[PDB]
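Everything on this sheet refers to the single structure shown next.
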2 protein chains.
Amino acid sequence: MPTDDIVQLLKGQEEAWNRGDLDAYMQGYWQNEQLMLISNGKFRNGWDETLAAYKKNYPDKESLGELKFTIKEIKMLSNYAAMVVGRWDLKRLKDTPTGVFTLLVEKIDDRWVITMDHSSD
Amino acid sequence: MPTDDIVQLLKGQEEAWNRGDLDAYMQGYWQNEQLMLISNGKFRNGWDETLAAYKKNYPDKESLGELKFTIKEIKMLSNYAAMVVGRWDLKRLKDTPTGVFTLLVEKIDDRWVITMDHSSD
Ligand SMILES: [Cl-]
Ligand SMILES: [Cl-]
């Protein structure tokens, strides 16, 4: 079932993040210059650029912190596209940042990948 | 063409907002308890609840300010669903708030309506 595959995609990302593997984490995202990440106030695009940004921001794997997603809803839009709405939580040394996310996931090459990710706090 | 209808939906909302007509503005959104609006950090649902919230926040039509959307991308996902990514701008008496939005629009009853709206700044 697609919802199960979509759930596993996000579970895999939590697990990769939580073992400090940015390369594995990035496998949840569409590997394309069109990949669109939206933050609180800005747009950025591209998978290479996004991977580079995480490496820049987290030179030490211990700095990633512990990630958990709480999925509020998965809505199938077609056999090839779904929207995923949830909260994210990070447990850090001196804080516990929280926020929300909304994702478009699409079936590309028989795999579900995140093609647009709007995360805010 | 659906992209033209989606563009017009957002143009109609600008126009309604800019003449102080919240009821007309709300016609851009799916009229359902499932309507999902995501802000920087929180979820809210429902069309009635959203209309009530705008009326609460903007008791005076002059307080709405001038709204403009700048659409960055419309992506058709199927004949029934599209994602819309853009910036919003408001011109107010003493400031000019800006931010980003990502929307799911869906063809429901042969009309394009916003069913999920994640707006942040
Ligand atoms: Cl389909
Ligand atoms: Cl279709």
If the label point sits 7 Å along Cα→Cβ of A:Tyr80, residues of region B:71-107 with amide N under 16 Å come out as B:75-83
Rounded to whole angstrom, the alpha-carbon centroid of region A:27-70 lies from that of region B:60-78 at a distance of 27 Å
Once the dipole of the protein assembly as shown is set up from charges on Cβ (+1 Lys and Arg, -1 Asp and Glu), the residue from the list B:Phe101, B:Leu64, B:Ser119 lying farthest towards its positive end is B:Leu64
For A:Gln27, inter-copy label-point distances (7 Å, Cα→Cβ), nm, shortest first, read 5.0
With +1 at each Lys and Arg Cβ and -1 at each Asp and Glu Cβ, the charge dipole magnitude of region B:2-121 around its Cα centre, to the nearest 20 debye, comes out at 380 debye
By the Cα gyration tensor axes a ≥ b ≥ c (a/c under 1.5 gives rounded; else a/b larger than b/c gives prolate, otherwise oblate), the shape of region B:43-110 is oblate
Karplus ³J(HN,Hα) for region A:97-102 (6.51 cos²θ - 1.76 cosθ + 1.60, θ = phi - 60°; Hz, whole; x = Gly/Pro) runs x, 9, x, 10, 9, 10
Averaged over the residues of A:111-119, the number of partner chain Cβ atoms within 10 Å of each residue's own Cβ comes to 2
So, in nm and shortest first, the distances from A:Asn40 to its counterparts in the other copies, with label points 7 Å along Cα→Cβ, work out as 0.5
Here FRET efficiency (C-beta to C-beta, B:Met1 to B:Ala24, R₀ 22 Å, nearest 0.05) is 0.40
Computed Rg/Rh for region B:8-121 (Cα atoms; Rh = Kirkwood radius) stands at 0.94
For chain B, longest principal axis from Cα atoms; helix B:2-18 axis from its Cα atoms; angle between them, nearest 10 degrees, is 10 degrees
With the dipole of region B:2-121 defined by +1 on each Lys or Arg Cβ and -1 on each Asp or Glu Cβ, the option from B:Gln31, B:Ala53, B:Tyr80 whose Cα lies farthest towards the positive pole is B:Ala53
Computed over region B:66-116, the relative contact order (Cα-Cα under 8 Å, seq sep at least six) in percent reads 29 percent
Counting only backbone N atoms under 16 Å from a point 7 Å out along Cα-to-Cβ of A:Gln31, the residues of region A:47-66 in range are A:47-52
Proximal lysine pairs in chain A, meaning Cα under 23 Å and 8 or more positions apart or interchain, come to 22
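All Cβ positions, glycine included, derive from the backbone under ideal geometry; neighbour counts span all protein chains shown. Quick note: the coordinates plus some simple rules give every number you see, no bench work behind them.
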